[PDB]
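Residue-level structural notes
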Amino acid sequence: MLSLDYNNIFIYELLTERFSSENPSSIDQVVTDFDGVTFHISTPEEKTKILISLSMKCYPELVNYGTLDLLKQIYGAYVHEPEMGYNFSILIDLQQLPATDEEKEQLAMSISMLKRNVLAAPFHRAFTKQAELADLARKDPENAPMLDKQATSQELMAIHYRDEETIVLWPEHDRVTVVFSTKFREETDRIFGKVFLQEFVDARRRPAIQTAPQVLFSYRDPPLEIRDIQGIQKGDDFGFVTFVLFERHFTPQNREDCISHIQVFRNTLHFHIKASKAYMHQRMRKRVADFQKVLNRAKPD
Amino acid sequence: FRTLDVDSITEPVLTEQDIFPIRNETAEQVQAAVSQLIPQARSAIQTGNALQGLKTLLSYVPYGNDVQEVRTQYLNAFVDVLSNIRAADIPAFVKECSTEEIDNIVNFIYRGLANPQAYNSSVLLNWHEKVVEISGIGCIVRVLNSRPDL
Amino acid sequence: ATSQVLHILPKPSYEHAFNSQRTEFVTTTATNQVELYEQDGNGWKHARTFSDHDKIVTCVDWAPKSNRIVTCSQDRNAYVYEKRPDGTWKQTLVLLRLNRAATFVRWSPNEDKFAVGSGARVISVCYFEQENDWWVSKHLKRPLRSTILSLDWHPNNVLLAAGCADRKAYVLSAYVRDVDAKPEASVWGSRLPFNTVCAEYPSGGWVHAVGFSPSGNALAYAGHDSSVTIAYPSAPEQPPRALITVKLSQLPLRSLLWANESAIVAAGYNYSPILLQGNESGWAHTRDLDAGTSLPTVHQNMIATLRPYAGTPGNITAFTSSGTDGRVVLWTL
Amino acid sequence: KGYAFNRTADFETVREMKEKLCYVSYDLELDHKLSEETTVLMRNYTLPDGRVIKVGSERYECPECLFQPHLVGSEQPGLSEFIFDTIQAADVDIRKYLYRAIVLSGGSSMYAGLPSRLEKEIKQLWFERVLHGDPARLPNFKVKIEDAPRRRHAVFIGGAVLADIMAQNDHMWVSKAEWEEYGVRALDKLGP
Amino acid sequence: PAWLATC
Amino acid sequence: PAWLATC
Amino acid sequence: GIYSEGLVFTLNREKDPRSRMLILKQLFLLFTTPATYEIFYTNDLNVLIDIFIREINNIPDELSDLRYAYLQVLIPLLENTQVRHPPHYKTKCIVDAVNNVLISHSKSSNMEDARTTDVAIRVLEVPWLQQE
Amino acid sequence: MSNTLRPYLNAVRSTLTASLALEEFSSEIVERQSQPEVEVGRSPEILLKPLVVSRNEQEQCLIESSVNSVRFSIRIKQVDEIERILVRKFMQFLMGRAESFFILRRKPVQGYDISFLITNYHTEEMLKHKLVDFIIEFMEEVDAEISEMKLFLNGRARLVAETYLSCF
Amino acid sequence: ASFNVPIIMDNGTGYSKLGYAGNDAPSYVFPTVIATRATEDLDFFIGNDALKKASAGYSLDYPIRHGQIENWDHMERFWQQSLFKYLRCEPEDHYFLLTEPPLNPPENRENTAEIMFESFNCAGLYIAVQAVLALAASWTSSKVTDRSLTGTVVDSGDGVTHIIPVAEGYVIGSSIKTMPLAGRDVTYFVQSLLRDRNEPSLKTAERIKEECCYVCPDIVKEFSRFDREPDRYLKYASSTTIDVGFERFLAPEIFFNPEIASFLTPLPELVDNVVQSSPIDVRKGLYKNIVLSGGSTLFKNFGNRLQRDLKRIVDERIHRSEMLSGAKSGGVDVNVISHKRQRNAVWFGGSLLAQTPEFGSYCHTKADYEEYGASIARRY
Ligand SMILES: Nc1ncnc2c1ncn2[C@@H]1O[C@H](COP(=O)(O)OP(=O)(O)OP(=O)(O)O)[C@@H](O)[C@H]1O
Ligand SMILES: [Mg+2]
């Protein structure tokens, strides 16, 4: 499970089961997902119909950037008003379905990817801003540093879904950049994340992955670019990382998976830290078994 | 019942073993002979002939009843006069030596090794290895069986 | 000076209980079981196993004149076995009044009593009381603040020495009036009452073993301090005219004895015995008793109790060792 | 621990391993720390079938379950406190003579370290209940417990001695006669 | 028993 | 258990 | 990456006092080239420096020029590597062990001691020579 | 004096084989028992002098002798934090697997890295020179395998980064 | 941080069940199985995934067996997989409620506490038993306060079963009584029975079991419905049909008719001995609220059979005592209940409990383990 999933496997399985079947059930359950977000799967009125609800911490900052447009573009035949706050809701009718064709699985997958669906309008806006800025530079190749500087702090966005973990982004001349500011509580986990980030930095040296985007990082001091944001800065435990992508890296046929990967970056990092801990434990048990063999050799009989 | 660690009955025996000649009131309760012999070793170091200084300093030895400043100064002068020696003549010095002298030497070497930040311990390990290769494990087992305080 | 290993003895021995004809013997196995071996054709075999105790044993002894056997147990008890007219045995218990476990036992040269040094602060001396069918034990507890490690007898039943846990080795008497024994005016003391604590002769380190020369004088003892001392007293109360100590480089040693009024032998943690001459003018070791010093010698572990041979009561001319790794061996001289 | 002996058999084997590998803890906290910190105290015991098992803290714990009935499920003070209260319920002039003479009987009393542990527990209970923290006069207690290798058959030896003593007079006994008349009531002649 | 002596 | 009541 | 990881894995396990030299000559001729600078991964380079300072401090019997060879292959490493430009990973313990082996050199010995002391003081004359 | 490792090793080996003169002993405390006196610490006459050796403040080897058992504590050199964590985890797991060695200790003494323990039954069943040789080989292979584990973790991180950037 | 919803996990020899709190039904239930094989060899799977695997060369093994952990490495791998793939949760911002058998040892308890506090950097943790939670899942409302606490729980795990006479939220440590039956042994027996006559292995066995296995007040007085009406010879198919015969009629009787497979004592006698060993002033209540648990216990007429047997036994004993005395006593009333909870009562009770705010306080904090170590919890 190296590449984590970009959706909710529980919701996907529940939808595939309810749709493929006909027998309904009075469902009322809650689920947790990364970034401290909540899901509700209620079925108060009709055992067939379902009322899904999504609660996130940065929903106001997100809608400020504009997300309802994307939601009503991808949905609208199933949208619903917030039954009780929860920061987002949606309704579905288990009976009035299109068909059992692959459209059913596509709709189930789209519903399961609601998190990254609602967390994609900022990146779409950035790409559009980047595209129009590049078009402008085409009719005005001069003033590249000037236009880049005046675009800085103009076309720039930030998200603080977490208490301290933040994601900022902005485009520039024929490329875009994003920055993750994260926190490390345990010192062992901090050192492991530091070495992982160093390896990430020294990963593009491989020729087979030269086309990958570029990455840099800092331990406590953040770059002067985003030094003015309200987000906490100059923290020994708060580590900053910066990705920079070029035009191709966000192509009309891969930007979806690109944003999903950029989203699951941190979860993948933490899971791989823990998996590396388990790997070290495996090596330790192997070596102590070798030591036991040596000691038994030393022992007679 | 309860747990109170009853020990007043059947008292242990600590001072019975490790006979104590501490009843002298000279160089152990007043620190006179130590202060008379340490400048001699210092002058021996200054002039260069540190072997005779070490030999004269090894004549008398304190005990570990209650005082530690005098014995720490003794061990410091010891480490000094030892570091002031070259990497040769140690075999001859140990061959022309007694047994109790070697035992006290090893005991002081260990007491010095107990604090590496304040000394070097490399020349100390070298001297210990040479003494072992010359005399043998007898000195180590004798010092390990000496008084618990010194 | 001739390595003559006899048997393997898989489990540890800690004793050998030799016999008079060097035919049979009795040893331990670090367990409640005690093995009586008999001489097979150019070999040996487990002729019998006692397994009468419950806890492990620590020492045994074989009284020749009575063909008797004595054994102690960590269970705070002792057993005594007599060779019945048939090949079987007759066992009897000895509930020596104690509090802690036993550590060592040894018969008296006259085979009339046996002494037992226990793990407590007390030694005991037991004798089969006539007019009855049991044994009576008497205590010695005033000296010996701490536990003890070993003990040894004297030509006469009196003047028994004890190597203790402290850095000193004591000497007391086991004289009794109801028994048919009487002391004798000796340099070690006069009128020899029951306790008659005579000397202490402190030394360095533990006291693993002691020893009496074939004469009543010239005591010796060695322990964990890799040193052996010999005392040639002149008067009971006055200090000894000479107390000669001898230190060496080899590891500590135990279970020493006398191969002559002047020569002394001993072994122990050192995987090979030694040979030294102890005289009033000086005591010193001359040579070992091996090709040189698996391992490059006979034994390969701690050497346990070492016993003498017949020879002559003056000079034994040979002895036996039984290491903790079995491999019982005899050495000439 | 994982090993199960649910069969009606193996009860004798468990009894043998108990009587073979068991001992009271003179210092329960010390033994617990030792078992938790060191690999020693762990023994390997064979079975008649052939397999082997490992034993640990249970060795020094079962004498505690003997000492602490609440651990087993019974509501009682124990053994040391029990005998202490029993003696305190007597007259003062007898108490001393009881602390100076204490005997045991039964194979269950042969647990290693039981006598000295009981003596220390009695000393601590006295120190607590009576002196309340005054060790100035504690040494003046003079407790002397008794133990021997024949506690396994002390009852038998005593029965034999009493039979040899009373074999002369038949009045103290209850003959086969005078049974049909008031036999049951004859049994009340022993315990008033 | 609870009389600090007898009983 | 064999006391016709408790135990 | 395979080359560097295999080399460091073999050096961490090897014990021959002569075979390590060949690998040391390979490391020297590899680092001396400027195009090869920073080819070794940072973490790999950090653990390499760690094992270097280790084998320097706990060096085997003095009857060996392994110390001289290690100093000779180390003096050009820090000049054409990736740990040169950023805050150095470990230099305090490096110079500490260097000074230790320097004072440990009996200057009254043969020309080997003089050569080793010269190479050491050459190592100590690093451009930055950052202190405290 | 350079190459202090070999003199330090010879000295620790000599003192260990010297103090390794154990012998059967029955506890004089409660009844017919056999406990490690060096561990219980209730008999000063049994406890010998505690010896210590060290080539530098970052490393130390303490040894406590007795007649029934012996304890040998060691604190290994560790300057980095990752090294400290790796050493702690490795030694903790090894001590957890302290059933096949018969000598390890489940928990160490405060202020040191690990503490081996030996008793009389061991030297009677198995030998002692091979035991000390194994102790030494472990004293070196501890750091050897710490380095090897750091290398393996670096390789794992590199593989993770490669697969991540390729799936990107 | 004690404010979010706590995660409820329950591992088992037969099925691991994990989900969240404040839910009427559990989540992520699956049979607790793992499957595995520059070079990492980390590709593994668990649950239904691992079950469907092994066709491409993936090995298989059961981490926990006989009701006791065996391989902490695979257990940690399983927990990591289930926590980072199935549930997209964060172990730091959520409290954990783990369950362990009453026989779990302190070594395993502290090993789990450490591997959870250190590797997963959790914040709040609480380890409990299955008896109290299964009992709490008995009552329906849980707020009227007219509920009862004194009960005698019997949990029949898929690997091992046991019985606990709980009294007023105070678990007992002596009257506990285990038994290695009422698990996969029944499946193995039904399989050996089927493999004798009809060669067409264990999947179909457990399927037909959960489908039709039922009990009967008797067997020899029974067997008559079989001798008379062949309708009982149902036809189950997976891939063809199979003759059920009398497995559905004999399998569950293994409890009331022990010593049929790999001796033991029937369940009524066992629970009677348990109640007798317990104090006397709690038996009147213990015999009253006898709740069940475990899938293997949710049979057709289990409750009626057990109630009848225990009632007749107690009535015979009390009648003996009465006819010995001569008076007339008040016949104790024995009852049994299982209200749509014996299947997964453990998770329901755990969630109902965690719903209280005192859970956040009764849990263990990370700083506690940091300062005290892995010696926090020793025993119930
Ligand atoms: N309705 C039913 N009637 C009888 N038996 C059933 C029924 N449903 C399930 N079972 C049995 O229960 C078993 C599953 O038990 P389950 O996995 O719930 O126990 P568990 O809670 O995992 O126990 P543990 O926690 O000790 O592993 C199956 O093997 C099946 O045979
Ligand atoms: Mg279960």
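Numbers attached to residues count from 1 within each chain as its sequence is written and can disagree with those in the entry; no residue without coordinates is shown. Following the order in which they are written, the chains are lettered starting with A and the ligands numbered starting with 1. What appears here is a fragment of a larger assembly, so each number quoted concerns just the fragment shown. The side-chain values count all of the structure's non-hydrogen atoms but skip hydrogen atoms and water molecules. Residues with missing side-chain atoms are left out of burial classes, side-chain pairs and their counts.

Comments concerning helix α1 (residues 9-20) of chain A
Heads up, the rule is: Under the scheme used here, helices are H or I runs from DSSP no shorter than 4 residues and strands are E runs no shorter than 2 residues, and both carry numbers assigned from the N terminus. Given a helix with a known number of residues, its expected span is that number minus one, times 1.5 Å. Two residues form a contact once any of their heavy atoms are found within 4.5 Å.
Under the 1.5 Å per step criterion, the end-to-end length of α1 of chain A is 16 Å for 12 residues, consistent within 8% with the ideal 16 Å. Among the structural elements, β1 (30-33), β2 (37-42), β4 (89-92) and α4 (102-112) of chain A together with α2 (72-86) of chain I are those in contact with the buried residues of α1 of chain A.

Side note on helix α6 (residues 203-212) of chain I
Residue and element names in this part refer to chain I. Our working rule: When accessible area is computed with a 1.4 Å probe and restricted to protein chains, residues below 20% of their type maximum are described as buried, those above 50% as exposed, and intermediate ones as partly exposed. By definition, the arc is the one covered by directions from the helix axis to the C-beta atoms.
Within the sequence span of α6, burial applies to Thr 204, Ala 205, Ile 208, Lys 209 and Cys 212. Taken around the axis of α6, the buried residues stretch over an arc of 140°, which confines them to a single face. On its buried side, α6 packs onto α5 (184-197), β13 (235-237), β14 (241-243) and α8 (247-250).

Regarding the pairing of strand β23 (residues 282-288) of chain C
Residues and elements named next belong to chain C. Formally: At least two bridges found by DSSP between two strands is the condition for calling them paired.
As defined by bridge partners, strand β22 (residues 274-279) adjoins β23 across six bridges and the pair is classed as antiparallel. For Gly 278, the partnering residue across the bridge sits in β23 and is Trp 283. Here β22 folds back onto β23, and the loop between the two strands holds two residues.

A closer look at the interface of chain H and chain C
For clarity, the threshold we go by: Buried area adds together the accessible area that both of two parts lose upon being put together, with accessible area traced by a 1.4 Å probe. Here, a salt bridge means any side-chain nitrogen of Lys or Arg that lies within 4 Å of a carboxyl oxygen of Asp or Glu. Each residue receives one of three labels: charged for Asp, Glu, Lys and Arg, nonpolar for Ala, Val, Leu, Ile, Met, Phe, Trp, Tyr, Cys and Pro, and polar for the others, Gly being one of them.
The interface of chain H with chain C comprises 22 residues on the first partner and 26 residues on the second. For the pair chain H and chain C, the summed buried surface comes to about 2100 Å²; carbon and sulfur atoms form 50% of the total. Where chain H touches chain C, the interface holds two salt bridges. In this structure, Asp 75 of chain C and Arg 32 of chain H form a salt bridge, with 2.4 Å as the shortest nitrogen-oxygen distance. Of the residues assigned to the side of chain H that touches chain C, the class counts are eight nonpolar, six polar and eight charged.

Comments concerning the sheet that holds strand β19 (residues 243-247) of chain C
Residues and elements named next belong to chain C. Condition: Each axis is a line fitted through C-alpha atoms, taken for helices only over the stretch in contact, and angles between the N-to-C directions span 0 to 180 degrees.
Taken in spatial order, the four strands line up as β16-β17-β18-β19 in an open sheet, and their pairing is antiparallel. Because the sheet does not close on itself, it has two edges, and the strands there are β16 (209-212) and β19. For this sheet the average axis-to-axis angle between neighbouring strands, irrespective of direction, equals 15°. As judged from the four bridges shared by strand β17 (residues 219-222) and strand β18 (residues 227-231), these two strands associate in the antiparallel manner. The residue of β18 that forms the bridge with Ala 222 is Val 228.

Examining the packing of aromatic side chains
Heads up, the condition is: Centres within 6.5 Å are what make two rings of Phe, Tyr or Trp a pair, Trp counting through its six-membered ring; a difference in plane orientation under 30 degrees is then read as stacked, over 60 as edge-to-face, and the rest as tilted. Whether a charge sits over a ring comes down to the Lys NZ or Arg CZ being within 6 Å of the ring centre and within 35 degrees of the ring normal.
The final tally for this structure, using the stated rule, is 54 aromatic pairs over all chains. Between the aromatic rings of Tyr 126 of chain I and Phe 359 of chain I, the centroid separation amounts to 6.1 Å while the plane-to-plane angle is 80°, which identifies the pairing as edge-to-face. For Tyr 126 of chain I, a relative accessible area of 23% gives the class partly exposed. Put simply, the rings of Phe 291 of chain A together with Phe 90, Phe 101, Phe 116, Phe 134 and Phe 138 of chain H touch in pairs and so form one group of aromatic residues. Of note, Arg 147 of chain I hangs over the ring of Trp 139 of chain I, and the distance from its end group to the ring centre comes to 5.3 Å.

A look at the site of ligand 1
Residues and elements named next belong to chain I. Quick reminder of the rule: The rule for a residue being near a molecule or strand is that one of its heavy atoms must lie within 4 Å of it. Think of a polar contact as two N or O atoms within 3.5 Å of one another; within protein, one of them needs to be a possible hydrogen donor and the other a possible acceptor, and neighboring residues in sequence only count if both atoms come from side chains. In this description, accessible areas are obtained by the Shrake-Rupley approach with a 1.4 Å probe, and a residue is regarded as covered only by the protein chains that are shown.
In the vicinity of ligand 1 lie 14 residues, with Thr 13, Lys 209, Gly 295, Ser 296 and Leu 298 positioned nearest. In this structure, an oxygen atom belonging to ligand 1 sits 2.5 Å away from a main-chain N or O atom of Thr 13. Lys 17 is positioned such that a nitrogen or oxygen atom in its side chain is 3.1 Å from an oxygen atom of ligand 1. Starting from 660 Å² of accessible surface for ligand 1 in isolation, the protein chains cover 82%. A per-class count over the shell around ligand 1 returns three nonpolar, seven polar and four charged.

Some words on unusual backbone geometry
The residue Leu 333 of chain C is not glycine, and still its phi comes out positive at about 60°. Looking at the secondary structure, you find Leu 333 of chain C in the segment after β26 (326-332). Note on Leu 333 of chain C: relative accessible area 53%, which makes it exposed. Positive phi, normally seen in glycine, also occurs at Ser 142 of chain I, with a value near 80°. Among the structural elements, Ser 142 of chain I can be located in the loop between α4 (130-136) and β10 (153-156). For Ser 142 of chain I, a relative accessible area of 28% gives the class partly exposed.

Focus: the environment of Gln 198 of chain A
In this fold, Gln 198 of chain A is placed in helix α8 (residues 187-201). Setting aside residues no more than four positions away along its own chain, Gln 198 of chain A makes contact with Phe 217 of chain A together with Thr 42 and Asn 43 of chain G. A distance of 3.1 Å separates polar atoms of two side chains, one belonging to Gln 198 of chain A and the other to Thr 42 of chain G.

A closer look at the state of the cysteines
Applied cut-off: The disulfide criterion is simple: two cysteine sulfur atoms within 2.5 Å.
The final tally for this structure, using the stated rule, is zero disulfides over all chains. With no disulfide of its own, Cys 7 of chain F lies 16 Å from the sulfur of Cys 65 of chain D, the closest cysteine sulfur.

A short note on the interface of chain H and chain A
With 35 residues of chain H at the contact, the number on the chain A side is 43 residues. Both sides together, the interface formed by chain H and chain A hides about 4100 Å², and carbon and sulfur atoms give 77% of it. At the surface where chain H touches chain A, the tally comes to five salt bridges. Among the ionic pairs, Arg 287 of chain A bridges to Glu 148 of chain H, the shortest N-O distance being 2.9 Å. The tally of links from chain H across to chain A stands at seven residue pairs in polar contact. Of all the elements in the fold, those that place two or more residues in the side of chain H that touches chain A are α3 (81-96) and α5 (129-167) of chain H. For the side of chain H that touches chain A, the element with the most residues is α5 of chain H, which contributes 22 residues. Its residues assigned to classes, the side of chain H that touches chain A shows 22 nonpolar, four polar and nine charged.

A closer look at the sheet that holds strand β4 (residues 114-119) of chain H
All names here are of chain H. The strand order across the open sheet built from four strands is β1-β2-β3-β4, with neighbouring strands paired in antiparallel fashion. Of all strands in the sheet, those bounded by a partner on one side alone are β1 (51-56) and β4. Pairwise comparison of adjacent strand axes, ignoring direction, gives a mean angle of 10° for this sheet. With four bridges joining them, β1 and strand β2 (residues 59-64) adopt antiparallel strand pairing. Each residue of the ladder has a partner; that of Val 53, found in β2, is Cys 61.

Some details on the side chain of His 7 of chain C
All names here are of chain C. Looking at the element boundaries, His 7 is found in strand β1 (residues 4-7). Engagement of the side chain of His 7 in a polar contact is seen with the backbone nitrogen of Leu 9, the distance being 3.2 Å. Setting aside residues no more than four positions away along its own chain, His 7 makes contact with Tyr 37, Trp 44, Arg 327 and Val 328.

A word on the arrangement of the chains
Counting contacts across all 14 pairs of chains found in contact, the highest total belongs to chains A and H. For chain A and chain C, which are not in contact, the least C-alpha distance works out to 11 Å. Separating chain C from chain I is a minimum C-alpha gap of 31 Å, and the two share no contact.

Considering the packing of helix α1 (residues 5-19) of chain H against α5 of chain H
Residues and elements named next belong to chain H. Cut-off, in case you're wondering: Here a crossing is called left-handed whenever its near helix is offset anticlockwise from the far helix by less than a right angle, and right-handed whenever the offset is clockwise.
Where α1 meets α5, the closest approach of the two axes is 11 Å, and the angle between their N-to-C directions is 145°. As for the relative orientation of α1 and α5, their crossing is right-handed in sense. Within the contact between the two elements, α1 uses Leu 9, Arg 13 and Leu 16 and α5 uses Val 132, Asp 133, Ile 135, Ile 136 and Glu 140. Partitioning the contact of α1 with α5 into residue classes produces five nonpolar, no polar and three charged.

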